[PDB]
Every structure is written in C-alpha cells, then in structure tokens.
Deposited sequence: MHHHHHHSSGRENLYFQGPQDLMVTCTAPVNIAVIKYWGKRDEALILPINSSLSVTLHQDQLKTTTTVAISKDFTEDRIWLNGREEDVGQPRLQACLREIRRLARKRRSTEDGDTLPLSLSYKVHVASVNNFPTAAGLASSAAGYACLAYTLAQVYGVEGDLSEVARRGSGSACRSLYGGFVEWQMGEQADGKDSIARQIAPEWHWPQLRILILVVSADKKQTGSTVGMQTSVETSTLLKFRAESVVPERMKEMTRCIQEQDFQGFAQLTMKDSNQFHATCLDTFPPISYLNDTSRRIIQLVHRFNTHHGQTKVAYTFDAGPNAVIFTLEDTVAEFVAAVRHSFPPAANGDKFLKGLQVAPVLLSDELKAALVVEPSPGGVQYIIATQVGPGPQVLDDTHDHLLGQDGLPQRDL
C-alpha cells in the first residue's frame, strides 16, 4: 500500500494582545496596511485565549465556520481573504488533496464579552496559525492574520511584538516581528479593569473616518509614531518601567485625542475611564514615581500595566476609589489583599464611584499560539460538526 501514489483535524490556541503604541488608520483598506507601525504586549493564555479547531475531510460538502457554537457566514470578506491567503502561501505530497477539501472551522474564546478585548485579533491569529498547521505552511504568517484583522498579526508572537507598517504596496513587508520574548520581563503585570459601561463605534469604520477627517491623526502617524516606536522599543529592551509607562499613557491619550479630532468625533473613554486615569496619576504622584500605566483601546475599559510588587497595593486603590459591587472581583492571577496607608487614602478621590469597575482580569506577558495535542481539545466531533 506504500506502493500507491498518495483527513486531518488540528486545534490551536492564540493570545490576545494589548497595543502600547496604537494602530489607528489604514493607508490601504483592502490589504489592511496601516498608516503607522504599532507595538503590543501579548497576554498570557493561562488567563485569556481563543481556541480554534480546523478539520478537513474528503466527505465535507461545504466550507463551514462556527464562532462560540454559532454558525457564521463562511462568505464574510475578511474570512475569505484569510483562507485565500493561507492557500496562496501553501502553494507558494498530500497538499493538493488537502486543498481539494472543504474546511470546517470552529472556534471559541474564554473572554467575558464585557471585557471588550480584541477577540478578532486573537481569533484571526488562531485561524491563520491553525490553517498553517493543517496545510503544513512554514514561516511568517503575518500576511494571513493581517488580512483578517490588522492587529491579528501581533498575536502570532509571544512577548513584546511590533507590527511594522511596511513600505511595499503589495503589503509583503507589512508584518509582525518579536521585539522581545515573554520571559524578557517576568515582573510585568497587566490588569484589565472592566467598566460598567456601554454600542461603541466599530474600529474598522471608525478609524477610516479618522483617516478621512482628523488632521491630528496625519501628524501623529507621520511625525510622532516612528520615533515613539524606537523609544518604546528601547524602554522595553531595558525593562525601564517608568519610561515604558509614561510612553504607554501618552500614546493612549494621543490615540483618543485623534478619535476626538475625527468628524463626527469618536469617544471611547467615559466618565469611569476618566476616574481611572485620575486614580493612576494620583497613585503615581503619591509614590513620587511612575508605578502604574493605563492604556485604552476602542472602548472604556482600562488596561493597566504595573510591576508584580505594585499589584496588591494598586488593586486596593481601585477598590477604594471604585468600591466593588462584588465580593470574585479579581479574575485570573490572584494576589493577597493589602491595606492602604492613611496617606494614600487621602491622596485618592474623596467621593468614590461604587460599581464603576465590574471586575479585574489579572494576567501577565505570555507566549504565541500553541498546538494542542489532546483528542478532547477538538471543538468538532468525528462528524466534523461542533460538539
């Protein structure tokens, strides 16, 4: 039977990432090419992860996709571009047989919806990576992930990751690369403060309105970001927390400034976001040092960076300024509670905001996508349908 000339199911996981130098605005809407480079921190899959199973079989009648147990239209443009690009690269042996088969894709994630995380970024990084497994595609997959969602390319790598905007109109150099591994800065901690607040402007549609109407955005991309990429890279390389934190806050605030300069304006921060920002600055002022950073994506949730040794105290300050309407306040990494000094208490807001923060997801820097090797991990049954 070895003398004759010539199904597969693979399940992978992928991380979410948080941009510290923000992507906002495309120079090419079709190829998903950005007006500036971006830089993010990959969060640990121990706490947050997308899982995707890809099966191919000679028996599958059609291409079919599910997200969190619900079937979605296989024909979505971003999804079609992703699949087209992985097939292109694979061609760029069982391979032809493999390609002849319809695909069945099923994915899930463990992100609370209120968490407002980039499910799309992790989702397309996982899709690209799992398709690459199925089709035996070696080398960088940025071009595949990016077509699904721009920032998805940054979830292809662990640690600290840059998406290089690229110079080429075909997008071949618009790719992600690791700046430093997830073991580079083990003391770094990330706290996602999920706020009680809500339909936000879609970031795809929104950022294109900004490209069209914000003059500050153009100045930002042309004259600010390239040099910021370099400073932020150096802070990360040097484990310079104060430099990292200051640049992180500034680039977040600048991004939201360009949203406000958009016509009509886009506003993601709310009054709770603004109270979190004030808490962060007050906490730092009390310590006389930059101990904590915030950054905000396309919504009001605050993403906090701090060092392991500051986590307990800062969580106590959050509880003080936003007395929680839950006893389960801290999800993910646990730290023993600590009491705030009288001096810090009086430096914080006199009138707190009970329930402003729904809960905190506590996590750390983590690895890139991973292949799962357990039979039971597959989100599709033998039939190639969800279980």
**Complete:** Deposited-sequence ranges lacking CA coordinates, in order, are 1 to 10, 17 to 20, 107 to 113, 220, 350 to 351, 412 to 414
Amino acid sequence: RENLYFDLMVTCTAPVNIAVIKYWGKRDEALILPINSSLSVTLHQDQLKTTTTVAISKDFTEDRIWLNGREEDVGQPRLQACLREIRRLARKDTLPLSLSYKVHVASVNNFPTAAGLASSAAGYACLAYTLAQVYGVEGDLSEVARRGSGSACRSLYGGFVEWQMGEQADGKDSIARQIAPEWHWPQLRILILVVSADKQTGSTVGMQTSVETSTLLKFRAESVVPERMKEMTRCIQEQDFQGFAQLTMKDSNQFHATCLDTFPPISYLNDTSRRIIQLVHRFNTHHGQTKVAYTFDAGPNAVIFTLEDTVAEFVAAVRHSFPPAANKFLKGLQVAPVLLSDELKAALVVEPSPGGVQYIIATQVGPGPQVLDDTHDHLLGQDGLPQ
From here on, numbers count along this sequence of modelled residues.
**Fill in**
Comparing mean C-alpha B factor in the record for 355 to 363 and 51 to 59, the higher one is 51 to 59
**Fill in**
Quick note on 152 to 160 and 113 to 121: per-entry mean CA temperature factor is higher in 113 to 121
**Message:** By the CA temperature factor listed in this entry, which of these ranks top: 104, 172, 228, 146?
**Reply:** 104
**Message:** Comparing recorded Cα B-factors across 37, 327, 40, 321, which one is largest?
**Reply:** 327
**Complete:** Quick tally, chain-level thirds of C-alpha B-factors: residue 241 sits in the lowest
**Request:** Going by the recorded CA B-factors, say which third of the chain residue 182 sits in, lowest, middle or highest.
**Result:** middle
**Asked** What third of the chain, by the recorded C-alpha B-factor, contains residue 17?
**Response** lowest
**Request:** Could you tell me which third, lowest, middle or highest, the C-alpha B-factor of residue 92 occupies within its chain?
**Result:** highest
**Request:** Relative to the other modelled residues of the same chain, rank the CA B-factor of residue 196 and answer lowest, middle or highest third.
**Result:** highest
